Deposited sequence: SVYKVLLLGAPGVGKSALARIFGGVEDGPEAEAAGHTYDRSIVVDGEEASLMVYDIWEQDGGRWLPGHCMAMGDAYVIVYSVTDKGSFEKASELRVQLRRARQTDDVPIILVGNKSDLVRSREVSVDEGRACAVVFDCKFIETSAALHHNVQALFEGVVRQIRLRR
């Protein structure tokens, strides 16, 4: 048993980058990596679809507001097609390192996350920041809904 995680979002947001970083000196395009989350092992199968579904990860760039709105629409779309079996959905604002070209604030993303029933987190593939945390939250979010 593995946890299938799909990566969604607009082009160039850093979907391939995050998946690539997640794996990951081990031994299991799809990326497989076993990780210990809260003392409990869990195998993840990261799916970079654009290159079933236990969870969906919607990635957007904080330096591109267009990808942010596109994320909201995808979140709405997923909702209106998957019920119940409401698999956990995580909103990810990638490219947090680019603090000059940022068009979306941390609060703005966290706001739309909570109102649209999403898990929020900002990551930086370039800096390997919150990348781990993201996939640890995914596993932690998948469980929360047996």
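| Deposited positions without coordinates, collected into consecutive stretches in sequence order | Holes in the chain trace, numbered from 1: 29-35, 59-71.
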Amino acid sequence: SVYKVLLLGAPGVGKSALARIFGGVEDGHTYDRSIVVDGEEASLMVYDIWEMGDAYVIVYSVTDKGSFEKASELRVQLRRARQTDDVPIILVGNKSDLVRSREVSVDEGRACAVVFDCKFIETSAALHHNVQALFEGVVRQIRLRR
From here on, numbers count along this sequence of modelled residues.
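| Of the other entries that cover residues on both sides, do at least a third skip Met52? | Looking at the other entries that model residues on either side of it, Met52 is missing from at least a third.
| query | Looking across the other entries that model both neighbours, is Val25 missing in at least a third? | reply | It is, since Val25 is left out of at least a third of the other entries that model both flanking stretches.
| said: Tell me which stretch has the larger mean Cα B-factor in this entry, 59-67 or 76-84. | reply: Mean C-alpha B-factor is greater for 76-84.
| 97-105 versus 116-124 - greater average Cα B-factor per the deposited record | It is 97-105.
| Lowest, middle or highest third - CA B-factor, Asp32 | Within its chain, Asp32 is a highest-third residue by C-alpha B-factor, going by the deposited values.
| field | Position of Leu8 among the chain's modelled residues by C-alpha B-factor, lowest, middle or highest third | value | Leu8: CA B-factor falls in the lowest third of its chain.
| request: Comparing against every modelled residue in the chain, figure out the third that the C-alpha B-factor of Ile21 lands in (lowest, middle or highest). | output: According to the entry, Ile21 has a C-alpha B-factor in the chain's middle third.
| query | Among the chain's modelled residues, which third holds the C-alpha B-factor of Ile90? | reply | Lowest third, going by the recorded CA B-factors of the chain.
| task | Place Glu41 in the lowest, middle or highest third of its chain's C-alpha B-factors, as listed in the PDB entry. | result | As the PDB entry reports it, the C-alpha B-factor of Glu41 lands in the middle third of its chain.
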